[PDB]
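Okay, structure first, notes after.
Chain A is the first sequence line, chain B the second, and so forth, proteins listed ahead of strands; every chain is numbered from 1.
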Amino acid sequence: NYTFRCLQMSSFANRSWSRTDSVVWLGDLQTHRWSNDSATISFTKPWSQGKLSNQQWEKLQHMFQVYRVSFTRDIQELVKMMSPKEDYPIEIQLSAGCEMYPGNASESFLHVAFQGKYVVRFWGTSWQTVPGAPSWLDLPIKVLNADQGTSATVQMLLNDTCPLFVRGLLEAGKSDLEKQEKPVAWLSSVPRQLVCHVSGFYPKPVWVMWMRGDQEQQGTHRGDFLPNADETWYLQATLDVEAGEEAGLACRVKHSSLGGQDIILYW
Amino acid sequence: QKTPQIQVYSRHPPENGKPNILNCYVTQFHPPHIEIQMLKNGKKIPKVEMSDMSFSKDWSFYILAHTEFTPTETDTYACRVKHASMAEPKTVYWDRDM
Amino acid sequence: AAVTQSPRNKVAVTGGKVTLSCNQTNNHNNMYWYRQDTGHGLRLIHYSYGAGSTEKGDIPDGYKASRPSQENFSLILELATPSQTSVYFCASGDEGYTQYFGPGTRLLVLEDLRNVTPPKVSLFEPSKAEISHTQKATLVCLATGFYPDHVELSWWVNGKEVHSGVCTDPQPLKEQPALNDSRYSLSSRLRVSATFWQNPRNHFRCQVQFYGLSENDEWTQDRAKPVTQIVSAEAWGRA
Amino acid sequence: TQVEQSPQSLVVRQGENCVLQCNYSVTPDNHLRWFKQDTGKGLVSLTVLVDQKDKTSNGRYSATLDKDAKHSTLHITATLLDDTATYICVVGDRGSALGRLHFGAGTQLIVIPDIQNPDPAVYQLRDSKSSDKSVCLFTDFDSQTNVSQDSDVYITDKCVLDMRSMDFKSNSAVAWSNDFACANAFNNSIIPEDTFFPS
Ligand SMILES: CCCCCCCC(=O)N[C@@H](CO[C@H]1O[C@H](CO)[C@H](O)[C@H](O)[C@H]1O)[C@H](O)[C@H](O)CCCC(=O)NCCCCCCc1ccccc1
Ligand SMILES: *[C@@H]1O[C@H](CO[C@@H]2O[C@@H](C)[C@@H](O)[C@@H](O)[C@@H]2O)[C@@H](O[C@@H]2O[C@H](CO)[C@@H](O)[C@H](O)[C@H]2NC(C)=O)[C@H](O)[C@H]1NC(C)=O
Ligand SMILES: *[C@@H]1O[C@H](CO)[C@@H](O[C@@H]2O[C@H](CO)[C@@H](O)[C@H](O)[C@H]2NC(C)=O)[C@H](O)[C@H]1NC(C)=O
Ligand SMILES: CCCCCCCCCCCCCCCC(=O)O
Ligand SMILES: *[C@@H]1O[C@H](CO)[C@@H](O)[C@H](O)[C@H]1NC(C)=O
């Protein structure tokens, strides 16, 4: 059950200066990067082209190249059209892609945020505002929905291209997507707060508890999942104890990579 | 406008005198313009790698800085962040034990 | 979806103020000003996304724009120059890509107005020889002695403009081709059936609309101020 | 210049077909429009082409667009005198008001009319107010004759009129001066030998 996300972020500082950058995720693995500095989209995996032929990829990249330049000018023009309602600086974020279910089933999305707030989506055959969006956006929506060529292309990208492409990615990237990487744990303490560190695990699902023999210590506070640079995860679980109870305590870690052979580290 | 949270943590278990990787993970900020430095003893480490900037379900940005380092008894290590949401730069120090 | 422009033709002096107006009752938000010069496609000067909005085009320099209302979009030349001699086109549109163009405005910016002069107009009656030889009657109109060459010649029969049977020289000819500020002549023909010309109830008129000075332009010479005006010549048919 | 037209200008005879070309580098290319502009007049839209490979028609005008080649052709079938005009190519870079229009500099077409029944003559016409003043009208010559312009004698270029209700066309030129007569007027022109000089 995998979600493919094209994330685009653009900053317009004033009428002349702007940049647009994007990254592409399949689950929690990065498949593409497109810096403003680059003329071309870059593969961040060997399998990032999926099952597309070179001609199909070339065509798709060209469409995106035309898009980035057109997008940039369109925002600038939409600002002029609405002035003095909205002024620079402006931040636009797009999140677009498809969620893949089993069989032939999927659902696509294209969501747009303005100054950090979700305001616009493409849905069905057209652009629309969503609940909470300001009314001044009805003019931009009307102008965007006038562009029949863009609407046909977006409908094709969302309905057909995205799911077809992603089915090929899942096939091509199978051995990276199904990789198992083992956690390594280590212990420490501060003012007493005991910390169980867990690092290098893939995939994300992991179980970490402070223990006394068989007794799960329900004081255990799990932190957030944090990324490492090598596409593995980091997590730590903290506990509150009185100075004297440290002996007997262990950190137990369960994870799919270990084949039922849990990591037990005693203080 | 949203303030960056900053978390600093090593890749491998830290042993004094052993090569390791130090990560600075900066999250929950807006706008995306940000300046991130990794510091050894309050001086800018030169060879600092950055992941591409991305964002979460809630539209807030995040990015991962990391660098090679070898921890010792004496040397400190820090991540310094400038962002429009804060008047001064925010510094969080790496703590082996935390 | 219609667009109008005024004036349709204008002679001005270097350093003068010229305003070109565009009007549009389509309730279009968007309006656009272009100039057309020979050897170039139309080039965008200024445009506007609604009342109070004015935006720079590709060649904004020397021009201000004003959008006081949804209906009106003006192009203002505060210090007119000879290089602003052109044909100016305004257009409007809604959210769609179609731009609905006005009929154009011809502007001439002269270095100086001293030689500006209205035409004399004479109407020459059809030859009796032509009548008997062809059963047709050709009237000829001659506009002479005018400067500059911004004239519109039209033919009128019983108060209504005629186009059938007409042809007017594509351009005026110079009366003194050597001289740099030569005056111009222009001729036109209106050809009708002999029986139409022979009917004494038909009134034929050749009209020359001359474009020259406005009310507000300075005039220092002794002779009559050579203002924008109509000069015409007429004749009735006869047996 | 992102839009180029070819030929720059062309001369054809009435009834002939002609082909006009538009080549462009505009990106993106949403649609392409052909305008007709008569002399001193404005822009009349003839057709607009919108698809990757498109074909349109409008009476005697037909056109094609190939967006891969960035090329359009305008075909005029069976030319008439009133096709004499400048033809202008325009590419719009968006399917909405956010677009800019990129204009070609135009192709000038001249259509020489077919004069079926020539009857070349030089007539003298008198001023309706001043019977001593006159002009000379050289008229009814076919399009093989050329008119040539003393600097105190004025001769206009030729000009074709169309008496629409009679389906009749005729060329003429005018000459005047103030020892000038109409027998002498068009001596510097190679006029037909059968030219009528009355009275
Ligand atoms: C991820 C979506 C991918 C969209 C690809 C669509 C094709 C495309 O590039 N099409 C642009 C170019 O269109 C033109 O060329 C095409 C041929 O290549 C067709 O001929 C098309 O008809 C023609 O118009 C087009 O410019 C498009 O508008 C680009 C931007 C689209 C986009 O972001 N829209 C959503 C975000 C906007 C919401 C902004 C809200 C806002 C408003 C005002 C101020 C600030 C913010
Ligand atoms: C493309 O598919 C949509 C299906 O609806 C949704 O919108 C997509 C862009 C994507 O987000 C999907 O995951 C969604 O399921 C079609 O939209 C319908 O079009 C018909 C008529 O054409 C209209 O009457 C329906 O109301 C539309 N549906 C909705 C929910 O608004 C669209 O036509 C498809 N286009 C093509 C070219 O396949
Ligand atoms: C982001 O990328 C765009 C496109 O590559 C840059 O815009 C170009 O900037 C150069 C130099 O400043 C200009 O000569 C070009 O005309 C621009 N190209 C286009 C297509 O508009 C932009 O400068 C980049 N932004 C940043 C901040 O680096
Ligand atoms: C973005 C529309 C969703 C469907 C796209 C499916 C084809 C995969 C393309 C992968 C390259 C990503 C290019 C980044 C686009 C962007 O700038 O937002
Ligand atoms: C526009 O913004 C950029 C980056 O914020 C800045 O460096 C540049 O000087 C600004 N330009 C103007 C004209 O204000």
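Interatomic distance, C:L142 CG to D:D127 CG, rounded to the nearest 0.5 Å: 9.0 Å. Here OH of C:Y100 is found 10.0 Å from OG of D:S45. Values are rounded to the nearest 0.5 Å. Once rounded to the nearest 0.5 Å, the distance linking CZ of C:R189 with CG of D:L161 reads 8.0 Å. Between D:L125 atom CG and C:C141 atom SG the span is 12.0 Å, to the nearest 0.5 Å. Between the CG atom of C:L42 and the CZ atom of D:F35 there is a distance of 8.5 Å, given to the nearest 0.5 Å. Expressed to the nearest 0.5 Å, how far CZ of C:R191 lies from OG1 of D:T139 amounts to 4.0 Å.
The stretch residues 159-172 of chain C places C:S164, C:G165, C:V166, C:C167, C:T168, C:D169 near chain D, each with some heavy atom under 4.5 Å from a heavy atom of that chain.
Contact count versus chain D (heavy atoms, under 4.5 Å) is highest, among C:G41, C:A233, C:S188, C:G39, for C:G41. Among D:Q5, D:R33, D:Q8, the residue making the largest number of heavy-atom pairs under 4.5 Å with chain C is D:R33. Interface remark: of the candidates D:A121, D:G99, D:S134, D:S134 forms the most heavy-atom pairs closer than 4.5 Å to chain C. Considering only heavy-atom pairs separated by less than 4.5 Å from chain D, the leading option among C:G57, C:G96, C:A235 is C:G96.
Of the atoms belonging to D:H102, not a single heavy atom falls under 4.5 Å from chain C. Proximity to chain D is absent for every atom of C:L190, based on heavy atoms less than 4.5 angstrom apart. Both the backbone and the side chain of C:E175 come within less than 4.5 Å of a heavy atom of chain D. Contacts of C:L44 with chain D are made by side-chain atoms alone, with heavy-atom separations under 4.5 Å and no backbone atom involved. Contact annotation for D:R126: only backbone heavy atoms (N, CA, C, O) come within less than 4.5 Å of a heavy atom of chain C. Residue D:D162 touches chain C through its backbone alone, counting heavy-atom pairs closer than 4.5 Å. For chain C, the nearby part of D:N30 is the side chain; its heavy atoms alone come within less than 4.5 Å. Both the backbone and the side chain of D:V135 come within contact range of chain C, with heavy atoms under 4.5 Å apart. With a 4.5 angstrom heavy-atom cutoff, D:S151 touches chain C only via backbone atoms. Neither the backbone nor the side chain of C:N29 comes within contact range of chain D; no heavy atom of the residue lies under 4.5 Å from a heavy atom of that chain. Contact annotation for D:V48: only side-chain heavy atoms (C-beta onward) come within less than 4.5 Å of a heavy atom of chain C.
Counting non-hydrogen atoms of other residues, nucleotides and ligands closer than 6.0 Å to NE2 of C:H40 gives a total of 12 or fewer.
For the pair D:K129 and C:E234, the salt-bridge criterion is met [side-chain N within less than 4.0 Å of a carboxylate O]. C:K136 and D:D140 are not joined by a salt bridge, as no carboxylate oxygen comes within less than 4.0 angstrom of a charged side-chain nitrogen.
By the 30° and 60° cut-offs, the orientation of the rings of C:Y34 relative to D:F103 is perpendicular.
Donor-acceptor pairing under 3.5 Å is recorded for the side chains of D:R100 and C:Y47.
Of all the heavy atoms in D:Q124 and C:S127, the pair that sits closest is O-CB, 3.5 Å. Of all heavy-atom pairs spanning C:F101 and D:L101, the tightest one is CZ-CD1, 4.4 Å. Of all heavy-atom pairs between C:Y97 and D:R94, the closest is CB-O, 3.6 Å. Nearest heavy-atom pair across D:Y123 and C:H133 is OH-CD2, 3.4 Å.
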Which is it for D:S128 and C:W236 under the side-chain contact (heavy atoms from CB on, under 4.5 Å) test, yes or no, and what are the steps along the way?
CA-CA 9 Å; D:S128 70; C:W236 296 80; over 6 Å; no
D:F196 vs C:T134, test: side-chain contact (heavy atoms from CB on, under 4.5 Å). Steps then yes/no.
CA-CA 12 Å; D:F196 181 51; C:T134 67; over 6 Å; no
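Looking at residues two or more places apart in sequence or on another chain, you find no ring pair (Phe, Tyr, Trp, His ring centres under 6.0 Å) involving D:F180.
Cation-pi check for C:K174 over D:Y154 is not met; the charged atom does not lie both under 6.0 angstrom from the ring centroid and within 45 degrees of its normal.
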